[PDB]
**Student:** 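My questions all concern the structure below.
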Amino acid sequence: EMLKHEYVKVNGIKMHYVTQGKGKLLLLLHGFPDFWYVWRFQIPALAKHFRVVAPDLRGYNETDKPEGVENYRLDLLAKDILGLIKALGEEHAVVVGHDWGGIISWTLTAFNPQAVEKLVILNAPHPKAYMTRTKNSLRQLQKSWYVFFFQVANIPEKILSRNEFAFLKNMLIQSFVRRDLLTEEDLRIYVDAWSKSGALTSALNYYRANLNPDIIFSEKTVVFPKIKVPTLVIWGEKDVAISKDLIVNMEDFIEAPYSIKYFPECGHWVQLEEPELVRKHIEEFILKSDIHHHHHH
Amino acid sequence: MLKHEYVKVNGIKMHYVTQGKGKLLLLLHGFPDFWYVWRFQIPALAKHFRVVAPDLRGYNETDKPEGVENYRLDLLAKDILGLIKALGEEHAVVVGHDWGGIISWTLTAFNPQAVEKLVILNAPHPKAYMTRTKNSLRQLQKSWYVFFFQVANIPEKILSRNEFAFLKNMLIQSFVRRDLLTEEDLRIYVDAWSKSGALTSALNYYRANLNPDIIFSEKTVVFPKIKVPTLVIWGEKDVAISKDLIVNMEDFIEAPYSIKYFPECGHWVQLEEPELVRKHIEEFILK
Ligand SMILES: C=C(C)[C@@H]1CC[C@](C)(O)[C@@H](Cl)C1
Ligand SMILES: C=C(C)[C@@H]1CC[C@](C)(O)[C@@H](Cl)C1
Ligand SMILES: C=C(C)[C@@H]1CC[C@](C)(O)[C@@H](Cl)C1
Ligand SMILES: C=C(C)[C@@H]1CC[C@](C)(O)[C@@H](Cl)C1
Ligand SMILES: [Cl-]
Ligand SMILES: [Cl-]
Ligand SMILES: [Cl-]
Ligand SMILES: [Cl-]
Ligand SMILES: [Cl-]
Ligand code: NA
Ligand code: NA
C-alpha cells in the first residue's frame, strides 16, 4: 500500500498528514522550518512494521493556519496531536518529535500520558530545561538569537521570504553540519511548503506565543509532570541551536525506562544524516518487549 | 584635577569630564558604560593631553531626547563634531570603544578634517558589520541581544528589575575575570543606569541603527575610506564581536593602519590591560 495524503478535523482545525503502513500508530512530528517531508527517509522503512502518520503541524504546509499569535500556544499544539490520535481511530500512539515536534511530544507525554505509549525525541530540549537554563546561559542565549529575531511583528517574515526565500534558505543551510545536506531539489520542495499563504507567519507565531522574552526571563517556575512512559532520545551533538548545557541531567525529567543515543558527528537533523541508524534505534525501541520472562531463550 | 562640565552641542546638553592641557583627546564610551569606563586612562593621558570623556546622547548626565529616531548614528556623530567645536577646537584625537568606536569610525570617515588620529577599541567598522553580519552565523549568535533589544518596553523591564540584576549578570559574564568590577564600581554603574530615561535611550541606539531591516539590507552602505592614521586595539575574547568582523580592513582604510591584538582580553580591553592600552594610545599619538 503506498503513501497516502489525508486531511482530518482536529481541535477546530483541518490538519494534513501523510500515512503509510499498518499496525501500531507511530506519529512523526516535524519542527521549524520543515513539514512532513523531513521524515521522507524514515516513513517507508518504518511503514514496514507500523502505521506511520506524519502530519503538518498547525500553521504549516497544507494544514490550517489560524490568525493570531495566541492560536499557537503550546497547549493548543498539543491538543491538536491528542485530537489527531482520536481522529485516526486510535487511543494511543508512539510519538516521535524533532525540534518543535519534540517540544510538543515532551508536552503531550507529560500532560496526557494516557495517549502516549512510548516517546522518542530527536534534538529538542525538554521544555523545563530550556525555560530554567536559557536565561542563565550565554551560550544558549547566543544560539537562540533567532528566537529574539522572530519576536518582531511582520519584518522577520519579509526578510526570510525576500529574493525567493534567500535568507531562510541561507539561515537553514548554515544550521547544518554539511552545507549540502539538502539538494537544490529538496530546497524547491521546501520553498513550495514555505510559500503556502500565511505559512511563515504561522510558523514564527510558535516563537511569539511560547518563547517571548517575558516567558524566557520569567520568574515564575514551570510545573511539568515527570515523564512516565518509556523514552528514547536521539541527539546529534553538533546542534547549532541547542547547547549541550540544556541536556545535562536530562534523565531527571523521566521516571520510566530511558535511553539516549548520541551522534557525535551529526547536528540538529540526525534523521537526515544517519537515517538508517535512526530508523533502527526507533524500531528496536518500539518492538522491545516490556516484559522479560525468557532470558537467553 | 578632573573637572565636570556641561556644554550645548547639536541641540542637546552634553556632560563630560576633562583633565589636562594640550592636544584635545576625546575618549568615547559605549554600552552599557559612560565616561567612567575610562577611569584608568584619564589621569595618565591627562599628563600630556587635554582629555575629554563625554557621556554620549542618552547616557548618564547627558540629555536624553525621546524617540528612537533621535538615536540615528548621523545624529550621534554630529554630537561629537559639535562637541569638538564647542570645546574651542577644530580637530581632536578621537578614541572610541564599542558604540563610541562606531561613532568614531563614522566621524572620521565623513569628517577627516576633524580627526587628527583615530583609535578604535573593540568596535567593528560599520561597513564591515553591515556587509558581513547577515551572512555570519557566529556574529548573528553573538548579536542575540541586538534582536532582544528591538522589542519595546520588555527589555528595559528585564534588564532593570531587581536593581539591574540581569544587566549586571550579563555584563559580568562578558568579562575575562568575574571580579573585574568591585562592588563600588557596580554601585557607580547602577547610579548611571538609573538616570531617568537612560536605559531606554541606550537601547534606542540598537533600535535606530541595528534593526533587522538595516542588518539584512542588501543595499550597499556608502562609507568613505578612512584617511587619517588609525590604531585598532582588539581584545580577542570578545563575547559580542566575532573576529570575523575585524579581519581584512584594507578596503576601508587608505592611511597608516595598525592593529594590536590582546589575545587574553575580552570586550573591555581598557579595563583588563589598562596600562598597555594607555601605552599603545600614547605612543601612537606621540609618533
Ligand atoms: C521551543 C523551544 C524551547 C525550542 C527551542 C530550540 C529550537 C531548536 O528552536 C526548537 Cl527545538 C524549539
Ligand atoms: C531560520 C533559522 C534562523 C534556523 C532554521 C533551523 C532551526 C533549527 O529551526 C533554527 Cl537553527 C532556526
Ligand atoms: C555595528 C555596531 C553598531 C556595533 C555592533 C557590536 C556592538 C558590540 O554591540 C557595538 Cl560595538 C555596536
Ligand atoms: C546587556 C547585555 C545582554 C550585554 C552586556 C553588555 C554588552 C557588551 O554591551 C553586550 Cl554583551 C550586551
Ligand atoms: Cl494520496
Ligand atoms: Cl542524564
Ligand atoms: Cl555520529
Ligand atoms: Cl520484566
Ligand atoms: Cl558623573
Ligand atoms: Na550554559
Ligand atoms: Na563569520
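To find a chain, count down the sequence lines: A is the first, B the second, and so on, and within it residues start at 1. Only this structure's heavy atoms are used, side chains among them; waters, hydrogens and symmetry mates stay out.
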**Student:** With a cut-off of 6.0 Å (strictly less than), are more than 12 heavy atoms of other residues, nucleotides or ligands near CD of A:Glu251?
**Tutor:** yes

**Student:** Could you pull out the closest heavy-atom pair between A:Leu119 and A:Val229, with the gap in Å?
**Tutor:** N-CG2, 4.1 Å

**Student:** May I ask you to decide if the ring planes of A:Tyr72 and A:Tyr206 are parallel, tilted or perpendicular, using 30° and 60° as cut-offs?
**Tutor:** tilted

**Student:** Output, in order, the C-alpha distance, side-chain angles, deciding distance and verdict of side-chain contact (heavy atoms from CB on, under 4.5 Å) for A:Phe165 and A:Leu200.
**Tutor:** CA-CA 11 Å; A:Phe165 297 85; A:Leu200 192 47; 4.1 Å; yes

**Student:** Taking NZ, NE, NH1 and NH2 as the nitrogens, is one of them in B:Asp244 or B:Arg138 under 4.0 Å from a carboxylate oxygen of the other?
**Tutor:**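 The answer is yes: the pair qualifies as a salt bridge.
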
**Student:** Aromatic rings B:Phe147 and A:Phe149: how do their planes relate, parallel, tilted or perpendicular, breaks at 30° and 60°?
**Tutor:** tilted

**Student:** If we count only N and O atoms by modelled type, under 3.5 Å, do the side chains of A:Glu62 and A:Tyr7 hold a donor and an acceptor together?
**Tutor:** yes

**Student:** Quick check on the 6.0 Å ring-centre criterion: do B:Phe31 and B:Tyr145 meet it?
**Tutor:**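 Between B:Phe31 and B:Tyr145, the centre distance exceeds or equals 6.0 Å.
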
**Student:** Rounded at 0.5 Å granularity, tell me how far CG in A:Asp252 sits from CD1 in A:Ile227.
**Tutor:** 13.0 Å

**Student:** Is there a donor in the side chain of A:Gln140 and an acceptor in the side chain of A:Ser144, or the other way round, less than 3.5 Å apart?
**Tutor:**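 A donor-acceptor contact under 3.5 Å links the two side chains.
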
**Student:** If the threshold is 4.0 Å, N to carboxylate O, is there a salt bridge linking A:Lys79 and A:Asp75?
**Tutor:** yes

**Student:** Between B:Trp144 and A:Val147, is any pair of side-chain heavy atoms under 4.5 Å apart?
**Tutor:**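 In short, these two side chains do not touch, never coming nearer than 4.5 Å.
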
**Student:** Tell me the closest heavy-atom pair linking A:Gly102 and A:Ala124, and the distance in Å.
**Tutor:** CA-CB, 3.7 Å

**Student:** Stepwise, does the side-chain contact (heavy atoms from CB on, under 4.5 Å) test hold for B:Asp238 with B:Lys142?
**Tutor:** CA-CA 9 Å; B:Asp238 192 322; B:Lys142 288 177 170 309; over 6 Å; no

**Student:** Check the surroundings of atom NE2 in A:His294: do more than 12 heavy atoms from other residues, nucleotides or ligands lie under 6.0 Å from it?
**Tutor:**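 Result for NE2/A:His294: open.
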
**Student:** For atom CD of A:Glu164, is the number of surrounding heavy atoms from other residues, nucleotides or ligands below 6.0 Å larger than 12?
**Tutor:**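 No, CD of A:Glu164 has 12 or fewer neighbouring heavy atoms, counting only those of other groups under 6.0 Å.
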
**Student:** When you compare the side chain of A:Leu84 with that of A:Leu27, does any pair of heavy atoms fall below 4.5 Å?
**Tutor:** yes

**Student:** May I ask you to decide if A:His16's main-chain N or O and A:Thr63's side chain share a donor-acceptor pair within less than 3.5 Å?
**Tutor:**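 Such a contact is found between A:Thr63 side chain and A:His16 backbone.
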
**Student:** Once rounded to the nearest 0.5 Å, what's the spacing between atom CG of A:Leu122 and atom CG of A:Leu28?
**Tutor:** 9.5 Å

**Student:** What's the separation between atom CG in A:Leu82 and atom CG in A:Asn11, rounded to the nearest 0.5 Å?
**Tutor:** 8.5 Å

**Student:** Side chains of B:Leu210 and B:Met130, heavy atoms from C-beta outward: is any pair under 4.5 Å?
**Tutor:**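 When only atoms from C-beta onward are counted, B:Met130 and B:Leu210 do touch, with a gap below 4.5 Å.
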
**Student:** Take A:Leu76 and A:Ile13 through the test side-chain contact (heavy atoms from CB on, under 4.5 Å) and record every step on the way to the result.
**Tutor:** CA-CA 11 Å; A:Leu76 297 177; A:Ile13 62 160; over 6 Å; no

**Student:** Report yes if the side chains of B:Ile241 and B:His267 come closer than 4.5 Å at any heavy-atom pair, otherwise no.
**Tutor:** yes

**Student:** Short question: side chain of A:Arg73, backbone of A:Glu70 - any donor-acceptor pair under 3.5 Å?
**Tutor:** yes

**Student:** What heavy-atom pair brings A:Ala129 and A:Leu246 nearest, and what distance separates the two atoms?
**Tutor:** CB-O, 3.5 Å

**Student:** If you measure from CD1 on A:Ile247 to CZ on A:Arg133, what distance do you get to the nearest 0.5 Å?
**Tutor:**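 Going from the CD1 atom of A:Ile247 to the CZ atom of A:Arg133 covers 9.5 Å.
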
**Student:** Are A:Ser202 and A:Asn205 linked by a side-chain donor-acceptor pair shorter than 3.5 Å?
**Tutor:** no

**Student:** Take A:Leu182 and A:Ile173 through the side-chain contact (heavy atoms from CB on, under 4.5 Å) test and state the conclusion after the steps.
**Tutor:** CA-CA 8 Å; A:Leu182 295 184; A:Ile173 292 157; 6.0 Å; no

**Student:** Take the angle between the ring planes of A:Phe150 and A:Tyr207 and call it parallel below 30°, perpendicular above 60°, tilted in between.
**Tutor:**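 Because their plane-to-plane angle is over 60°, the rings of A:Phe150 and A:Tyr207 count as perpendicular.
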
**Student:** Hey, is the main chain of A:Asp99 close enough, under 3.5 Å, to the side chain of A:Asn123 for a donor-acceptor pair?
**Tutor:** no

**Student:** Which heavy atom in B:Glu156 sits nearest to a heavy atom in B:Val151, and how many Å separate them?
**Tutor:**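 Nearest heavy atoms, B:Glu156 then B:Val151: OE1-O, 4.3 Å.
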
**Student:** A:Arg279 side chain to A:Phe41 main-chain N or O, any donor-acceptor pair under 3.5 Å?
**Tutor:**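 No; zero donor-acceptor contacts below 3.5 Å.
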
**Student:** With a 4.0 Å cut-off, would you call B:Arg161 and A:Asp214 a salt bridge?
**Tutor:**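 Here B:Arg161 does not pair with A:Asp214 in a salt bridge, since their nearest N and O are not under 4.0 Å apart.
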
**Student:** Are any of the side-chain heavy atoms of A:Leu141 and A:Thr134 separated by less than 4.5 Å?
**Tutor:** yes

**Student:** Under 4.5 Å between any side-chain heavy atoms of A:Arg40 and A:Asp186, yes or no?
**Tutor:**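 Yes, side chains in contact.
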
**Student:** With a 4.5 Å cut-off on side-chain heavy atoms, are B:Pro32 and B:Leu167 touching?
**Tutor:** yes

**Student:** Shortest non-hydrogen contact from A:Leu74 to A:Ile103?
**Tutor:**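 It is CD1-CG2, 4.1 Å.
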
**Student:** Quick one: are A:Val52 and A:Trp39 in side-chain contact, heavy atoms under 4.5 Å?
**Tutor:** no

**Student:** Charged N to carboxylate O below 4.0 Å: is that the case for A:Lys22 and A:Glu1?
**Tutor:**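 No salt bridge links A:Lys22 with A:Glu1.
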
**Student:** State whether A:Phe176 and A:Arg178 meet the cation-pi test: NZ (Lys) or CZ (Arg) under 6.0 Å from the six-membered ring centroid, and within 45° of the perpendicular axis.
**Tutor:** no

**Student:** Hey, what do you get for CG (A:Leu277) to CD1 (A:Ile282), rounding to the nearest 0.5 Å?
**Tutor:**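 Output value for this atom pair is 11.0 Å.
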
**Student:** So A:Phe167 and B:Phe216, would you call those rings parallel, tilted or perpendicular, with 30° and 60° as cut-offs?
**Tutor:**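 The rings of A:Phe167 and B:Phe216 stand perpendicular, inter-plane angle above 60°.
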
**Student:** Indicate, with yes or no, if the rings of A:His30 and A:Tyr60 have centres closer together than 6.0 Å.
**Tutor:**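 Judged by ring-centre distance (under 6.0 Å), A:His30 and A:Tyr60 do meet the cut-off.
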
**Student:** Is a salt bridge present between A:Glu276 and A:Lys280, judged by a nitrogen-to-oxygen distance below 4.0 Å?
**Tutor:** yes

**Student:** Between B:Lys157 and A:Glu219, is there a salt bridge with N-O shorter than 4.0 Å?
**Tutor:** no

**Student:** Report yes or no: does A:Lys135 contribute a side-chain atom to a donor-acceptor pair with the main-chain N or O of A:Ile216 at less than 3.5 Å?
**Tutor:**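 A pair under 3.5 Å: no.
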
**Student:** Does a sphere of radius 6.0 Å around CD in A:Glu67 hold more than 12 heavy atoms from other residues, nucleotides or ligands, not counting ones at 6.0 Å or beyond?
**Tutor:**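 Not more than 12 within 6.0 Å, no.
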
**Student:** How many angstroms lie between OG in A:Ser259 and CD1 in A:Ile254, if you round to the nearest 0.5 Å?
**Tutor:**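 Answer for the OG-CD1 pair, A:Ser259 versus A:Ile254, is 11.0 Å.
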
**Student:** If only side-chain N and O atoms count, and only distance matters, is there a donor-acceptor pair under 3.5 Å linking B:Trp99 with B:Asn209?
**Tutor:** no

**Student:** Can you name the nearest heavy-atom pair linking A:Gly267 to A:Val270, along with the distance?
**Tutor:** O-CG2, 3.6 Å

**Student:** For atom CD of A:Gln174, decide whether the heavy atoms of other residues, nucleotides or ligands shown that lie under 6.0 angstrom number more than 12.
**Tutor:** yes

